[PDB]
Number of protein chains: 2
Amino acid sequence: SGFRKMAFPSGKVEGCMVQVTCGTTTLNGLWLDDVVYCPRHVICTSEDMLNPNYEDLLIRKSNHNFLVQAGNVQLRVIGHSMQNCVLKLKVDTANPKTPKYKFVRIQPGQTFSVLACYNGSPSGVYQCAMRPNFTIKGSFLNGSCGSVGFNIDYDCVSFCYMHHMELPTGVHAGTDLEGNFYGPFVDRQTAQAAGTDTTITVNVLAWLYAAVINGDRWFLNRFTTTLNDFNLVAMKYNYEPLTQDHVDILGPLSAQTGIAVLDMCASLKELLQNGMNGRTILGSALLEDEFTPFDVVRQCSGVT
Amino acid sequence: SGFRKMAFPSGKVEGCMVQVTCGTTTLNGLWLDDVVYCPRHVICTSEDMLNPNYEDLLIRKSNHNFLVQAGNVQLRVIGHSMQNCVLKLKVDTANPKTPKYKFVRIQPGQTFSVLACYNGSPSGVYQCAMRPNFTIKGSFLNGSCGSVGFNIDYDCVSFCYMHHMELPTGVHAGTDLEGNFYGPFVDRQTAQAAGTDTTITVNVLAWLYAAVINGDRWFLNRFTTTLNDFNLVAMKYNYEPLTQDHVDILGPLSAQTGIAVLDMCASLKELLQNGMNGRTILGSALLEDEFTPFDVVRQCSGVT
Ligand SMILES: Cc1ccncc1NC(=O)CNc1ccnc2ccccc12
Ligand SMILES: Cc1ccncc1NC(=O)CNc1ccnc2ccccc12
């Protein structure tokens, strides 16, 4: 039935997007209840970003300096406060489109959808994974800051990410909705080392299970391996070591296909050692790692 | 700044999704104004699909046999009619969430977003291209029929696709919103030849331009070619012949990067003849063809 890099339907998040302007800086804000959440660097100019003292910069700002616009209507700001790297702008109006929501701090290797916005307007939606090095490989231009990452469980939107920075390497960094950066990144225009990015092994295996379910099975072999043998190969190819927790999470996929997790590990071991030999898996010529075992189950069962 | 397979924000389409049930068959409908559009095979059972006489099947159906539910509310059906392969159910209530919309019949090689739905509920959104052989490589399970493909220009939703069939080959077929199938496909569970699928050359070139803009330039070479020389190579590798119209559409990308279209064709010629040599372009190990020149411009400029 096909397998696609699917994002969650973004409607519930679109109704929360606002434009936040402070001075000459305009970025996106997330309006939930009577609070607008945005990156605190909205108070910075291009030159302030080199070494900003956010506490000192914010002291020169009053409620009337934060211009919040939701579509064509202006929100009245009645409070402002900084929480880690996010500003919380209390407005006098609760967002009538506020969905049921939670703020969650996701784990590296987990996936989420990103609603890229400019001037408080949504332009696109795509599915991302938080890399093991806590960066995301997104698509963000000047003005995209404040764009959010989220997951949806039936009617509840779990916000997990807010975009803040583009590192000199072209990868992206941001925070959870409490303003805490994922990784060692800071909201300062300085050289920031994004460590070694490893491949999310459990996700590659989940995607191999999705491939078998959807017809792609050329890579299945007559071999098996052990967790320790597989991890020797995984280390060599900069893959995250596979744990018994990862094996357990792959349990439903192993049960559905009848292919034991360690047998799938042996297929992955051979793909790592021999490459794809000019072939593809689910329309890809590389090992895809941005589908969790939960994503594979969800897509293969049609969870709405 | 990164480059992602971005879909349009699906909010405007989510508010149009309804569940249509006829007999024991349930699929998705598109509610716009006082009309619900759905595949006419909603009137078929599993056995009817082998050789259905839609006119005869529809005659045994009355307005009260079509159960349309939008969320938790039931729509009253006051009219029903078949237009090509779609049923148009006139309801007594205009959809209050009807966006500004158009029905457009896209060209092969063009792209669009798909809002996959089950029981009238959205589960995911992904970006597709209508293949040159008029199939789409989607992600659709039982119940996904009636899910729609669309494009968005500021506030206007152009609906281009409605999902109808999964061919025995695992690829998908459907119609425009007037019920006309893309390609030679019929809404009958029979063997249907999806012809040779070619690579959308103009899209690969547009994606190579996106790669250069975003930093990936290893594939740029000291060579040039002509349209005829390039098309000899394109024919050998089952690529669509490049025309002067395609060169003209790539004009803005050629202007932005300073790389002439024929020079980009020479890079593509060498990638076709020599492969990627174990390297990647925009995180892909194959030549991506599901980004039009318009998509590349839109994403690189941040059109909301
Ligand atoms: C440009 C971009 C693209 C993708 N993702 C993120 C960004 N920008 C950043 O990393 C942060 N940049 C800025 C933070 C605060 N004030 C700023 C004021 C003027 C200009 C830039 C500012
Ligand atoms: C299964 C699927 C997955 C992805 N895309 C499409 C489909 N199904 C089809 O091609 C059409 N199938 C059916 C059309 C009408 N009535 C039907 C009644 C019972 C069962 C199936 C019916």
# chains A, B, ... in the order shown; residues from 1 in each chain; ligands from 1

$ residues_near_ligand --ligand "ligand 1" --cutoff "9 Å" --atoms "only C-alpha atoms and all ligand atoms" --output "ChimeraX atom specification"
/A:24-27,39-49,138-145,163-168,170-173,187-189 /B:1-2

$ write_last_selection --atoms "C-alpha atoms" --output "JSON list (two decimals), in the first residue's frame"
[["chain", "number", "residue", "atom", "x", "y", "z"],
["A", 24, "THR", "CA", 12.65, 45.55, 13.80],
["A", 25, "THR", "CA", 12.56, 41.74, 14.37],
["A", 26, "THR", "CA", 9.60, 39.67, 13.24],
["A", 27, "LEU", "CA", 9.22, 35.96, 13.90],
["A", 39, "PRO", "CA", 12.00, 32.62, 20.85],
["A", 40, "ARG", "CA", 13.43, 35.21, 23.23],
["A", 41, "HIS", "CA", 15.84, 36.32, 20.45],
["A", 42, "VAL", "CA", 12.86, 38.29, 19.03],
["A", 43, "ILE", "CA", 14.24, 41.13, 21.27],
["A", 44, "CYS", "CA", 17.65, 40.96, 19.47],
["A", 45, "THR", "CA", 18.89, 42.83, 16.43],
["A", 46, "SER", "CA", 21.40, 41.16, 14.01],
["A", 47, "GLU", "CA", 24.33, 42.65, 16.01],
["A", 48, "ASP", "CA", 22.88, 41.68, 19.45],
["A", 49, "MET", "CA", 23.02, 37.97, 18.48],
["A", 138, "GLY", "CA", 14.88, 21.09, 8.63],
["A", 139, "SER", "CA", 14.03, 23.67, 6.03],
["A", 140, "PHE", "CA", 14.14, 27.08, 7.65],
["A", 141, "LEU", "CA", 14.88, 30.54, 6.28],
["A", 142, "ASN", "CA", 15.13, 34.03, 7.91],
["A", 143, "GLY", "CA", 11.80, 34.63, 9.71],
["A", 144, "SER", "CA", 11.05, 30.91, 10.32],
["A", 145, "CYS", "CA", 12.00, 31.22, 14.03],
["A", 163, "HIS", "CA", 12.86, 26.64, 16.04],
["A", 164, "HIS", "CA", 15.55, 29.09, 17.13],
["A", 165, "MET", "CA", 18.87, 28.75, 15.29],
["A", 166, "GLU", "CA", 20.59, 27.71, 12.12],
["A", 167, "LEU", "CA", 24.11, 26.54, 12.96],
["A", 168, "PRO", "CA", 26.99, 27.48, 10.57],
["A", 170, "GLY", "CA", 23.26, 24.36, 7.95],
["A", 171, "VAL", "CA", 21.61, 22.14, 10.59],
["A", 172, "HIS", "CA", 18.97, 23.46, 12.98],
["A", 173, "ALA", "CA", 18.68, 23.90, 16.73],
["A", 187, "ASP", "CA", 20.78, 31.31, 21.29],
["A", 188, "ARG", "CA", 23.94, 33.18, 20.33],
["A", 189, "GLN", "CA", 25.47, 33.66, 16.85],
["B", 1, "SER", "CA", 19.03, 26.54, 5.12],
["B", 2, "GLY", "CA", 17.96, 22.97, 4.31]]

$ closest_atom_pairs --of "chain B" --to "chain A" --cutoff "7 Å" --atoms "only C-alpha atoms" --output "JSON lines"
{"residue": "B:1", "atom": "CA", "partner": "A:140", "partner_atom": "CA", "distance": 5.5}
{"residue": "B:2", "atom": "CA", "partner": "A:139", "partner_atom": "CA", "distance": 4.4}
{"residue": "B:3", "atom": "CA", "partner": "A:139", "partner_atom": "CA", "distance": 5.1}
{"residue": "B:4", "atom": "CA", "partner": "A:139", "partner_atom": "CA", "distance": 5.8}
{"residue": "B:5", "atom": "CA", "partner": "A:126", "partner_atom": "CA", "distance": 6.6}
{"residue": "B:6", "atom": "CA", "partner": "A:126", "partner_atom": "CA", "distance": 5.1}
{"residue": "B:7", "atom": "CA", "partner": "A:125", "partner_atom": "CA", "distance": 5.2}
{"residue": "B:8", "atom": "CA", "partner": "A:124", "partner_atom": "CA", "distance": 4.7}
{"residue": "B:9", "atom": "CA", "partner": "A:124", "partner_atom": "CA", "distance": 5.2}
{"residue": "B:10", "atom": "CA", "partner": "A:10", "partner_atom": "CA", "distance": 5.8}
{"residue": "B:11", "atom": "CA", "partner": "A:11", "partner_atom": "CA", "distance": 3.6}
{"residue": "B:14", "atom": "CA", "partner": "A:11", "partner_atom": "CA", "distance": 6.8}
{"residue": "B:118", "atom": "CA", "partner": "A:304", "partner_atom": "CA", "distance": 6.6}
{"residue": "B:121", "atom": "CA", "partner": "A:304", "partner_atom": "CA", "distance": 5.7}
{"residue": "B:122", "atom": "CA", "partner": "A:304", "partner_atom": "CA", "distance": 5.5}
{"residue": "B:123", "atom": "CA", "partner": "A:304", "partner_atom": "CA", "distance": 3.9}
{"residue": "B:124", "atom": "CA", "partner": "A:8", "partner_atom": "CA", "distance": 4.7}
{"residue": "B:125", "atom": "CA", "partner": "A:7", "partner_atom": "CA", "distance": 5.2}
{"residue": "B:126", "atom": "CA", "partner": "A:6", "partner_atom": "CA", "distance": 5.1}
{"residue": "B:137", "atom": "CA", "partner": "A:2", "partner_atom": "CA", "distance": 6.7}
{"residue": "B:138", "atom": "CA", "partner": "A:2", "partner_atom": "CA", "distance": 5.6}
{"residue": "B:139", "atom": "CA", "partner": "A:2", "partner_atom": "CA", "distance": 4.4}
{"residue": "B:140", "atom": "CA", "partner": "A:1", "partner_atom": "CA", "distance": 5.5}
{"residue": "B:141", "atom": "CA", "partner": "A:1", "partner_atom": "CA", "distance": 5.9}
{"residue": "B:170", "atom": "CA", "partner": "A:1", "partner_atom": "CA", "distance": 5.5}
{"residue": "B:285", "atom": "CA", "partner": "A:285", "partner_atom": "CA", "distance": 5.1}
{"residue": "B:286", "atom": "CA", "partner": "A:285", "partner_atom": "CA", "distance": 6.0}
{"residue": "B:302", "atom": "CA", "partner": "A:123", "partner_atom": "CA", "distance": 6.9}
{"residue": "B:303", "atom": "CA", "partner": "A:123", "partner_atom": "CA", "distance": 6.1}
{"residue": "B:304", "atom": "CA", "partner": "A:123", "partner_atom": "CA", "distance": 3.9}

$ atom_distance --atom1 "CA of residue 277 (chain A)" --atom2 "CA of residue 206 (chain A)"
21.3 Å

$ residues_around --residues "region 218-227 of chain A" --least-positions-apart "2" --cutoff "7 Å" --atoms "only C-alpha atoms" --output "VMD selection string"
chain A and resid 216 229 to 231 242 262 to 263 265 to 267

$ select_by_dssp --residues "region 226-274 of chain B" --states "alpha helix (DSSP H)" --output "short mmCIF file (atom, residue, chain, number, x, y, z; two decimals) with N, CA, C and O atoms, in the first residue's frame"
data_model
loop_
_atom_site.label_atom_id
_atom_site.label_comp_id
_atom_site.auth_asym_id
_atom_site.auth_seq_id
_atom_site.Cartn_x
_atom_site.Cartn_y
_atom_site.Cartn_z
N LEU B 227 20.62 20.46 -25.76
CA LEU B 227 19.34 19.78 -25.51
C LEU B 227 19.27 18.42 -26.20
O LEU B 227 18.82 17.46 -25.60
N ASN B 228 19.74 18.33 -27.46
CA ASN B 228 19.72 17.06 -28.19
C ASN B 228 20.70 16.04 -27.60
O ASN B 228 20.32 14.89 -27.43
N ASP B 229 21.92 16.46 -27.24
CA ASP B 229 22.88 15.54 -26.63
C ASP B 229 22.34 15.03 -25.28
O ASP B 229 22.35 13.83 -25.00
N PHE B 230 21.81 15.96 -24.47
CA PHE B 230 21.25 15.60 -23.18
C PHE B 230 20.07 14.62 -23.35
O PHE B 230 20.05 13.61 -22.67
N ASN B 231 19.18 14.87 -24.30
CA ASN B 231 18.03 13.99 -24.53
C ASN B 231 18.40 12.60 -25.01
O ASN B 231 17.62 11.68 -24.77
N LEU B 232 19.57 12.42 -25.65
CA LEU B 232 20.04 11.09 -26.03
C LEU B 232 20.33 10.29 -24.75
O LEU B 232 20.00 9.11 -24.67
N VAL B 233 20.96 10.94 -23.75
CA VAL B 233 21.27 10.36 -22.44
C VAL B 233 19.97 10.17 -21.65
O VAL B 233 19.76 9.11 -21.06
N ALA B 234 19.09 11.17 -21.65
CA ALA B 234 17.80 11.11 -20.95
C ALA B 234 16.98 9.92 -21.46
O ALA B 234 16.48 9.15 -20.64
N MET B 235 16.92 9.70 -22.79
CA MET B 235 16.19 8.56 -23.33
C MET B 235 16.74 7.24 -22.83
O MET B 235 15.97 6.37 -22.42
N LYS B 236 18.08 7.10 -22.80
CA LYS B 236 18.73 5.88 -22.36
C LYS B 236 18.39 5.56 -20.90
O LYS B 236 18.16 4.40 -20.57
N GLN B 244 12.49 23.17 -24.55
CA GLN B 244 12.81 24.57 -24.30
C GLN B 244 11.82 25.15 -23.26
O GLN B 244 12.23 25.96 -22.44
N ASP B 245 10.56 24.64 -23.19
CA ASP B 245 9.62 25.08 -22.15
C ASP B 245 10.19 24.78 -20.76
O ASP B 245 10.17 25.65 -19.89
N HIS B 246 10.74 23.58 -20.57
CA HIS B 246 11.38 23.17 -19.31
C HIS B 246 12.59 24.05 -19.02
O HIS B 246 12.75 24.48 -17.88
N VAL B 247 13.44 24.34 -20.03
CA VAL B 247 14.58 25.25 -19.85
C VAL B 247 14.09 26.63 -19.37
O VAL B 247 14.66 27.22 -18.46
N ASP B 248 13.00 27.13 -19.98
CA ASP B 248 12.42 28.43 -19.66
C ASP B 248 11.90 28.47 -18.26
O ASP B 248 12.14 29.44 -17.55
N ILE B 249 11.23 27.38 -17.81
CA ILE B 249 10.71 27.32 -16.44
C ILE B 249 11.85 27.29 -15.42
O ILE B 249 11.70 27.79 -14.30
N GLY B 251 14.54 29.01 -15.77
CA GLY B 251 15.12 30.34 -15.90
C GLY B 251 15.36 31.06 -14.59
O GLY B 251 16.49 31.45 -14.34
N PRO B 252 14.35 31.22 -13.72
CA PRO B 252 14.60 31.88 -12.42
C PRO B 252 15.69 31.19 -11.59
O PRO B 252 16.52 31.87 -10.98
N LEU B 253 15.74 29.85 -11.60
CA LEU B 253 16.76 29.12 -10.85
C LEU B 253 18.14 29.29 -11.46
O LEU B 253 19.12 29.48 -10.75
N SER B 254 18.21 29.30 -12.79
CA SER B 254 19.45 29.54 -13.50
C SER B 254 19.94 30.98 -13.16
O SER B 254 21.11 31.17 -12.88
N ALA B 255 19.01 31.96 -13.12
CA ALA B 255 19.32 33.36 -12.83
C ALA B 255 19.83 33.55 -11.41
O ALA B 255 20.85 34.20 -11.20
N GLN B 256 19.17 32.92 -10.44
CA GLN B 256 19.59 32.99 -9.04
C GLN B 256 20.97 32.38 -8.80
O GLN B 256 21.78 32.97 -8.08
N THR B 257 21.26 31.21 -9.39
CA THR B 257 22.54 30.53 -9.13
C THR B 257 23.67 30.91 -10.07
O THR B 257 24.82 30.57 -9.80
N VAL B 261 21.24 26.47 -17.56
CA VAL B 261 20.47 25.23 -17.57
C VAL B 261 21.22 24.09 -18.25
O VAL B 261 21.30 23.01 -17.69
N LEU B 262 21.84 24.36 -19.42
CA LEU B 262 22.59 23.31 -20.12
C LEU B 262 23.81 22.83 -19.34
O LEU B 262 24.16 21.65 -19.43
N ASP B 263 24.43 23.71 -18.53
CA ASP B 263 25.54 23.27 -17.68
C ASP B 263 24.99 22.34 -16.59
O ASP B 263 25.60 21.32 -16.31
N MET B 264 23.82 22.67 -16.02
CA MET B 264 23.19 21.79 -15.03
C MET B 264 22.81 20.44 -15.68
O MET B 264 23.00 19.39 -15.07
N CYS B 265 22.38 20.47 -16.94
CA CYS B 265 22.10 19.26 -17.72
C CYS B 265 23.34 18.38 -17.85
O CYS B 265 23.22 17.17 -17.80
N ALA B 266 24.54 18.99 -18.01
CA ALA B 266 25.79 18.25 -18.13
C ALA B 266 26.16 17.58 -16.81
O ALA B 266 26.67 16.47 -16.83
N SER B 267 25.87 18.23 -15.68
CA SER B 267 26.06 17.63 -14.36
C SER B 267 25.14 16.42 -14.22
O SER B 267 25.59 15.35 -13.81
N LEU B 268 23.87 16.57 -14.64
CA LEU B 268 22.87 15.51 -14.58
C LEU B 268 23.27 14.36 -15.50
O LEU B 268 23.14 13.21 -15.12
N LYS B 269 23.81 14.67 -16.68
CA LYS B 269 24.29 13.69 -17.64
C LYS B 269 25.38 12.82 -17.00
O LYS B 269 25.31 11.59 -17.08
N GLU B 270 26.35 13.47 -16.33
CA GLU B 270 27.45 12.77 -15.66
C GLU B 270 26.94 11.95 -14.45
O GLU B 270 27.46 10.87 -14.18
N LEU B 271 25.95 12.46 -13.71
CA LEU B 271 25.36 11.72 -12.59
C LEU B 271 24.62 10.49 -13.12
O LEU B 271 24.64 9.45 -12.48
N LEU B 272 23.97 10.61 -14.28
CA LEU B 272 23.26 9.50 -14.88
C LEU B 272 24.24 8.45 -15.35
O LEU B 272 24.05 7.28 -15.06
N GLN B 273 25.32 8.87 -16.03
CA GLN B 273 26.32 7.95 -16.55
C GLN B 273 27.24 7.33 -15.50
O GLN B 273 27.66 6.19 -15.68
N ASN B 274 27.58 8.07 -14.44
CA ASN B 274 28.52 7.57 -13.43
C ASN B 274 27.93 7.23 -12.07
O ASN B 274 28.65 6.73 -11.21
#

$ atom_distance --atom1 "atom 18 (C, counted along the ligand's line) of ligand 2" --atom2 "CA of residue 36 (chain B)"
19.3 Å

$ select_by_dssp --residues "region 117-230 of chain A" --states "strand (DSSP E)" --output "number ranges by chain"
A: 117-118, 121-129, 148-153, 156-166, 172-175

$ residues_around --residues "residue 98 (chain B)" --least-positions-apart "2" --cutoff "9 Å" --atoms "only C-alpha atoms" --output "list in words"
residues 12, 13, 15, 16, 31, 32, 33, 94, 95, 96, 100 and 101 of chain B

$ atom_distance --atom1 "CA of residue 217 (chain B)" --atom2 "CA of residue 276 (chain B)"
12.4 Å

$ residues_around --residues "residue 71 (chain A)" --least-positions-apart "2" --cutoff "7 Å" --atoms "only C-alpha atoms" --output "PyMOL selection string"
chain A and resi 18+69+73

$ write_last_selection --atoms "C-alpha atoms" --output "PDB file, in the first residue's frame"
ATOM      1  CA  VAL A  18       0.821  34.302  15.207  1.00  0.00           C
ATOM      2  CA  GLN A  69      -0.858  39.763  15.287  1.00  0.00           C
ATOM      3  CA  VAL A  73      -6.221  41.040  14.354  1.00  0.00           C
TER       4      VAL A  73
END

$ decode --residues "region 84-113 of chain B" --atoms "N, CA and C atoms" --output "CSV table (one decimal), in the first residue's frame"
chain,number,residue,atom,x,y,z
B,84,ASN,N,-18.8,11.3,-14.0
B,84,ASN,CA,-17.7,10.5,-14.4
B,84,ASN,C,-17.5,9.4,-13.3
B,85,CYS,N,-16.4,9.4,-12.5
B,85,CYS,CA,-16.2,8.4,-11.4
B,85,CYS,C,-16.4,9.0,-10.0
B,86,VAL,N,-17.0,10.2,-9.9
B,86,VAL,CA,-17.3,10.7,-8.6
B,86,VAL,C,-18.8,10.9,-8.4
B,87,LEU,N,-19.2,10.7,-7.1
B,87,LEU,CA,-20.6,11.0,-6.7
B,87,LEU,C,-20.6,12.4,-6.1
B,88,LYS,N,-21.6,13.1,-6.4
B,88,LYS,CA,-21.8,14.5,-5.9
B,88,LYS,C,-23.1,14.4,-5.0
B,89,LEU,N,-22.9,14.5,-3.7
B,89,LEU,CA,-24.1,14.4,-2.8
B,89,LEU,C,-24.4,15.8,-2.4
B,90,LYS,N,-25.6,16.3,-2.8
B,90,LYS,CA,-26.0,17.6,-2.4
B,90,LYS,C,-26.5,17.4,-1.0
B,91,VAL,N,-26.0,18.3,-0.1
B,91,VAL,CA,-26.5,18.3,1.3
B,91,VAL,C,-27.2,19.6,1.6
B,92,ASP,N,-28.1,19.6,2.6
B,92,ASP,CA,-28.8,20.8,2.9
B,92,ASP,C,-28.0,21.9,3.7
B,93,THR,N,-26.8,21.7,4.0
B,93,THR,CA,-25.9,22.6,4.7
B,93,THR,C,-24.7,22.9,4.0
B,94,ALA,N,-24.3,24.2,3.8
B,94,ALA,CA,-23.1,24.6,3.2
B,94,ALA,C,-22.0,24.4,4.3
B,95,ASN,N,-20.8,23.9,3.9
B,95,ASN,CA,-19.7,23.7,4.9
B,95,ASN,C,-19.3,25.0,5.3
B,96,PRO,N,-19.4,25.3,6.6
B,96,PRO,CA,-18.9,26.7,7.1
B,96,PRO,C,-17.4,26.9,7.0
B,97,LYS,N,-16.7,25.8,6.9
B,97,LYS,CA,-15.2,25.8,6.8
B,97,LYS,C,-14.8,25.7,5.3
B,98,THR,N,-15.7,25.9,4.3
B,98,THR,CA,-15.3,25.8,2.9
B,98,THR,C,-14.3,26.9,2.6
B,99,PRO,N,-13.1,26.5,2.2
B,99,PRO,CA,-12.1,27.6,1.8
B,99,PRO,C,-12.4,28.1,0.4
B,100,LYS,N,-11.6,29.1,0.0
B,100,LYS,CA,-11.7,29.5,-1.4
B,100,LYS,C,-11.0,28.4,-2.2
B,101,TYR,N,-11.7,27.9,-3.2
B,101,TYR,CA,-11.2,26.7,-3.9
B,101,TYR,C,-11.5,26.6,-5.4
B,102,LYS,N,-10.7,25.8,-6.0
B,102,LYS,CA,-10.8,25.5,-7.5
B,102,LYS,C,-10.6,24.1,-7.7
B,103,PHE,N,-11.2,23.5,-8.8
B,103,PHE,CA,-10.9,22.2,-9.2
B,103,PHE,C,-10.0,22.3,-10.4
B,104,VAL,N,-8.8,21.7,-10.3
B,104,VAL,CA,-7.8,21.8,-11.4
B,104,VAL,C,-7.3,20.4,-11.8
B,105,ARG,N,-7.2,20.2,-13.1
B,105,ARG,CA,-6.6,18.9,-13.6
B,105,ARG,C,-5.2,19.1,-13.8
B,106,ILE,N,-4.3,18.6,-12.9
B,106,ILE,CA,-2.9,18.9,-13.0
B,106,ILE,C,-2.2,18.1,-14.2
B,107,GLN,N,-1.0,18.5,-14.6
B,107,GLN,CA,-0.3,17.8,-15.6
B,107,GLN,C,0.7,16.8,-15.0
B,108,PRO,N,1.0,15.7,-15.7
B,108,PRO,CA,2.0,14.7,-15.2
B,108,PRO,C,3.3,15.5,-14.9
B,109,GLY,N,4.0,15.1,-13.9
B,109,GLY,CA,5.2,15.8,-13.4
B,109,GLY,C,4.9,16.9,-12.4
B,110,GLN,N,3.7,17.4,-12.3
B,110,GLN,CA,3.4,18.4,-11.3
B,110,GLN,C,3.2,17.7,-9.9
B,111,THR,N,3.4,18.5,-8.9
B,111,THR,CA,3.3,18.0,-7.5
B,111,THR,C,2.1,18.5,-6.8
B,112,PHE,N,1.8,17.8,-5.7
B,112,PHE,CA,0.6,18.2,-4.8
B,112,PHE,C,0.7,17.5,-3.5
B,113,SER,N,0.0,18.0,-2.5
B,113,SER,CA,0.0,17.4,-1.2
B,113,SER,C,-1.2,16.5,-1.1
